Amino acid sequence: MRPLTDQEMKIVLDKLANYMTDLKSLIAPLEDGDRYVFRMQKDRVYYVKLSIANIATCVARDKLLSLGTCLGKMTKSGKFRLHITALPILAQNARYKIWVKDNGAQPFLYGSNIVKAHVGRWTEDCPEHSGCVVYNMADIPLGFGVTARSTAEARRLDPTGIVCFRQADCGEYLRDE
Amino acid sequence: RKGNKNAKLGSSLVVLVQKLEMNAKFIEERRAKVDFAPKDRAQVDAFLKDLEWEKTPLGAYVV
Amino acid sequence: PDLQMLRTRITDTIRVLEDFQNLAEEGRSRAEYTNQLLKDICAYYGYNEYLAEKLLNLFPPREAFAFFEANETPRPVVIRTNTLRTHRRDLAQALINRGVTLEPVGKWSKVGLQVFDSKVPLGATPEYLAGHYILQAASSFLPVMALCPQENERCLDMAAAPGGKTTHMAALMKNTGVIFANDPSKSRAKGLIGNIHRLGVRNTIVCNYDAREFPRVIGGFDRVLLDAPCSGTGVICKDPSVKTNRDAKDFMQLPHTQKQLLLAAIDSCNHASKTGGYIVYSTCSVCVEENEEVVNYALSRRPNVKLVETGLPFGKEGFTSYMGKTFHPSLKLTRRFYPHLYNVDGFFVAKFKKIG
Amino acid sequence: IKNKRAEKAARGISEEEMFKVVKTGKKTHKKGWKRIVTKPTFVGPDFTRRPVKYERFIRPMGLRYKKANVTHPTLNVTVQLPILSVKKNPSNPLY
Amino acid sequence: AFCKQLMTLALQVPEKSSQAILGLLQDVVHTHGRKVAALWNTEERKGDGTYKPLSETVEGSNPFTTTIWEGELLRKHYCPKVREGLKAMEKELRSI
RNA sequence: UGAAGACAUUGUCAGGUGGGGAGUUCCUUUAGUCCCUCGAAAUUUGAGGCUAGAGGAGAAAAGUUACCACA
RNA sequence: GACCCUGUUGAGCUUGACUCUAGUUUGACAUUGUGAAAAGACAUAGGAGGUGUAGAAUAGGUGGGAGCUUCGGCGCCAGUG
C-alpha cells in the first residue's frame, strides 16, 4: 500500500471528472477533522478514509486484500479504468443521468447497451460522448457508461438505436461470486 | 477571543454551551428508537412523561 | 436392510424407553434398549456410531428423534435487508411485485425476511444486484444481535468468509468506525470482498491472517466477534459429510483450536472502552466439547472476563453439568438453538465482558 | 444404492437467450461472432456471469450432461453418479 | 436539506415569518410529496450515515437520515395561525 | 499578573507495517531419533525446535497465456 | 469460415533482495494532587446453595463404609446411571 504519485492522481481524477461534477466534495474535510484519501494496492485504487488508511498499515502488504471502496485498477499500459465497485461514488454526484425501464434494466444487467426502447427519462443538454450513470424507474443505480449520441440527436433516433455504451453493470457481482 | 476582556463572562457562556450539547446529545440517544409515522403517534405522545426536568443535564446545571 | 422396518423399530424402542417401568420384556435391561436405539438410528439416518451416541446423550429419546428428523429436512431460505440501502417494507413490496412470496422471519428481527417460493432467481434480482438484500441463514443473525456494535467503534470479525455477519455490523454501525474482516483463506476472501462492495460497505479492512495473530498485529478492539470453525453438527442439512466423517480425532483437535481462538479474542479486546469491551463467541455445533467447554476454559484461565446476558429473545439455557463435567454456574446465560424447536440451524452464542 | 435413494426421496435463463438479449443492443453483427461449442459440456450452476474472455463461447442446453455411468474397478459394479467438476481435459486447456 | 432547515427556521422566527415558512412547506409537500415523505416517517429513514446539521454543502448533510421532530414544539406555539399552519402541512402529508 | 486544567501534551520500554529515506552484497512440504519446549485431555494430540531436499542488482520494470479486441 | 504466428490492448498469474529508519499504528509504564459518591477484585467471620437425560427423587465432589439405630426406620442387595 502506498499513496498515489502526481501522475497517477491526475489520471484517476480525469476519469472521475468524466462522470461527476463536484470532485472537491470528495476530498473535503469532514466534521471530526478527517478526510478521504486515495491508496494503491496491487495496481488497484481505493477510496477510503485517512483514519482507516493509517490503522490499516499494521496489516502486511501481502496480507491486505481490500480497503474502503475500490474505484478500479490501473492497467498495464498506465490507464485508469473504473469498476462497478465505484458506482455508489459515481451516483452521488453524477453529472448526466439516464433512466431505463423494466424492459431495459434486465438487458443492461446482462451486459447490453441501452437502446431507445429502454430509455424512460433523459438528461437534457447532454453531449455526444459523455459519462452517464444508469438508473431504473425506482432511482436505483444500475451502472454507468458513455453516451453514444447527443440528447437532441437521440430523440430522433430509431427505437433499435444505441443511445448509451455500457461500461459497467451490477451483474458483474455475479461474476466474482 | 480573537473585544472585551471578561474571561468570567467567557467562561460563563463556555460552560453554558457545553451543557446544551450534553442535553442535545441526551435527547438524541433517547429518541433514536421512536416511531413517528404520520398516522400513529403514540410513542411520541408518551416520549418522556415519566421523567422530571431535574434529571436532564441542563436540569442538573440549572439547580 | 429394510429401512421402513428400521423406522418401526426406532419408534418402538423410543416408546419402550419412555415407559420402561411398566412396559418391558422378561430380562433385557434398558441399557441394551438404548443400544438397540443406537444401531437402528445409525442405519436409518446414516450416522456413524461415535456421533450418534454423542447426539443421543445430548437429548432425551423423543426429542432426539425430532432432532434427527429435523436434520434431514432442509431449512427455509431467509434474506437480510441491507439497512444501508432500504428497509424491510419496500424490499418485501419490491420482491412481491416481482413474484416472491415473503413473510417476516419472526418478531425477533426487524431485518430478516422469509421466502417460500419465487418465479425469478432470488440471487439475480435487480434489487439484489443493487445491494438491498443478502441471502443469509437465520442462525447467522444471532451473533451480531448479541454483539451490538455502536457507531465510531473498532470491531474485529475473526472469520468473515461468507460476509453476512460483517455486513450486518457495518449496517448497525451505519458505515462509521472500522471493521477488521479477517479470513485465513484467499479463495473465500474474494467472495467477502464482493459481498462488501455489492452491499455498499465503506468502513472495512479485509485482511488474510490466521486469527491467532491478531493481538500481535493490532489489538485494542472495542468489540470482537468469533465464529470458530467447528464440526458442523448443526448444519448437517446443508453438509451431510458431517454424519459420517467426524470421529474422536476430529473432536479433540477442534476444541483445542477453538480454545486458542477464544483466548486471542479476549486479549484482542479493550477492557477500558468508552462504549464496550464485549466478546461474542458463536458456533454452528451442538456438541458440548465445542460449547460450554471452551467457554469454561476461557473463564478458568482468564479471570478478567465475565459472561453477561446474551440479549437474544429466544433460546435455551446452556448446560451447567454433563458427563461428569462441572462448569461455572454463570454458563446458564449462554443460549442454544435447535432445528426441531426453532426452525433455525443448530447454534450456540456466548457473550463476554472484559474488566482488566 | 437404488433402494437407499428411493427411501430418501420418500422422506435462471440460458446462455443463448443472454446472447440474444446482448446482441439486440449491439445491432451491428460481426461475422463469426457466435462460437457454438459443439462438444458435450458440463456446467453446474443454473445462472452464472462469465468473464469477457469466455463470454463468446456458447454451450447449448442439449449438449449438457450432469451424471455419468461410473465403474468401480475393485467393487465390480457401476452406478450413475453426479458430476461435480471437470479437472483436466488432456486435449486443450480451453476445453 | 432545505425542508429540515426550514422547520428549524420556523422554530425561532416571528409569528408571521413562521407562518409564511409553514405555508411555503405546505406547497413543497403538496407539489413533490414522496420526495420528502420519508422525512416524516421514521421507518423510511435512511441508515447510511449520520445527519450533519452544520455541513458546508447541501449534499454534504445527509438529510434523509434524520426525522422532522419540530412539530412537537410548533404544535404548542403561541400563535393560533402557526398551529393551524402546522396542521395544514400534516393534512397534506396524510393525503399523500 | 490572569485563563484553562489532574484531561491533554510529552517521555521510556515492548511490538505490527513500512512500493517512502539511508547503507550493503520468516513461514510451508518431505523422511528420521519418538531428541527439547509450548498448548490441550488425562490414560493422548497439535504447533514450534534439530538433521538435509524443495518455494518465495531488485519499485526501474520484467516474464507469461491453445483467452479477448484491433491491425 | 476455420488453422498457425506477430505487434498493440484488455483480463489474469508470478517476480520485483537484505539491514536500520521517517511516517503510521497497538499495549504497558511515568509526571500526578486533594476530597466526595459509586462499581470490581483482594481479608476474615458468618449464613444459604447445587434440578441436562435416566434414576421414585434437587447426584457438588473426594475416602473408608456392611452395618447404623432418640431402636423404626434405614442400609446392603436388585435396579437407573
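Residue numbers begin at 1 in each chain, while the letters A, B, ... track the order of the sequences.
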Checking all strands, does [X] fall into the base, sugar-phosphate, or nothing category for heavy-atom contacts under 4.0 angstrom?
| X | result |
| --- | --- |
| C:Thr326 | nothing |
| D:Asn92 | base |
| D:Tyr95 | nothing |
| C:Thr320 | nothing |

Per [X] side chain, nearest of listed nucleotides [options]:
| X | options | answer |
| --- | --- | --- |
| C:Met323 | G:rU26, G:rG52, F:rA66 | G:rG52 |
| C:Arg30 | F:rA40, G:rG1, G:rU80 | G:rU80 |
| C:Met252 | G:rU26, F:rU45, G:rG52 | F:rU45 |
| A:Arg44 | F:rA42, G:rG12, F:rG46 | G:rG12 |

Q) On a plain distance test, is the side chain of D:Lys53 in donor-acceptor contact with the base of F:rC68 below 3.5 Å? A) no
Check this one for me: any side-chain N or O of [X] less than 4.0 Å away from OP1 or OP2 of [N]?
| X | N | answer |
| --- | --- | --- |
| A:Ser77 | G:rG10 | yes |
| A:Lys42 | G:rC13 | no |
| A:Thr75 | G:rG10 | yes |
| A:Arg39 | F:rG19 | no |
| A:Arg2 | G:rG23 | no |

Using the [atom1] atom as the reference point in each nucleotide, state the distance between [N] and [M] in Å, no decimals.
| N | M | atom1 | value |
| --- | --- | --- | --- |
| F:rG23 | G:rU15 | P | 28 Å |
| G:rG10 | F:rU29 | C1' | 37 Å |
| F:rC70 | F:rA61 | P | 30 Å |
| G:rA22 | F:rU10 | P | 16 Å |
| F:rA66 | G:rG12 | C1' | 16 Å |
| F:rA3 | G:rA36 | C1' | 26 Å |
| G:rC13 | F:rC67 | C1' | 13 Å |
| G:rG65 | G:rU51 | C1' | 28 Å |

Are [X] and [Y] in a cation-pi setup, meaning NZ or CZ lies under 6.0 angstrom from the ring centre and within 45 degrees of the ring axis?
| X | Y | answer |
| --- | --- | --- |
| D:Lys34 | D:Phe19 | yes |
| A:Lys15 | A:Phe80 | no |
| C:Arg246 | C:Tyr50 | no |

Q) Which groove of the paired bases lies less than 5.0 Å from some heavy atom in the side chain of A:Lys76? A)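 Groove assigned: major.
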Pucker class of [N], where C1'-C2'-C3'-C4' positive means north and negative means south:
| N | answer |
| --- | --- |
| F:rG19 | south |
| G:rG73 | north |
| G:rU70 | south |

Q) 5'-most contact on RNA chain F: C:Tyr209 or D:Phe57, nearest heavy atom basis? A)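 Result of the comparison: C:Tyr209.
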Q. Toward the 5' end of RNA chain F, which comes first, B:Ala7 or C:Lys259, by nearest nucleotide?
A.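 On the 5' side of the pair lies B:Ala7.
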Who is the Watson-Crick or G-U wobble partner of [N], with both distances under 3.5 Å?
| N | answer |
| --- | --- |
| G:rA11 | F:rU65 |
| F:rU12 | G:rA28 |
| F:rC50 | F:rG32 |
| G:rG75 | none |

Q: Would you kindly give the CD1-to-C1' distance between A:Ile55 and F:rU17, to the nearest whole Å?
A: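 A:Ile55 atom CD1 is separated from F:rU17 atom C1' by 13 Å.
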Q) Going from OG1 on C:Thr283 to CG on C:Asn291, what distance comes out if it is rounded to the nearest 0.5 angstrom? A) 5.0 Å
If you measure from the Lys or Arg side-chain nitrogens to the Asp or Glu carboxylate oxygens, is any gap between [X] and [Y] under 4.0 Å?
| X | Y | value |
| --- | --- | --- |
| C:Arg212 | C:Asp210 | yes |
| C:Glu292 | C:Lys325 | no |
| A:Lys49 | A:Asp32 | no |

Q. So is F:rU9 sitting in a Watson-Crick or G-U wobble pair with F:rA47, both distances under 3.5 Å?
A.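 No.
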Q) Where does the angle between the aromatic ring planes of D:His29 and D:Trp33 fall among parallel (under 30°), tilted (30 to 60°) and perpendicular (over 60°)? A) perpendicular
Enumerate the protein-to-nucleotides 69-71 of chain F contacts in which both atoms are nitrogen or oxygen and the separation is below 3.5 Å.
residue : atom : partner : partner atom : Å
F:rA69  : OP1  : D:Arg56 : NH1          : 2.3

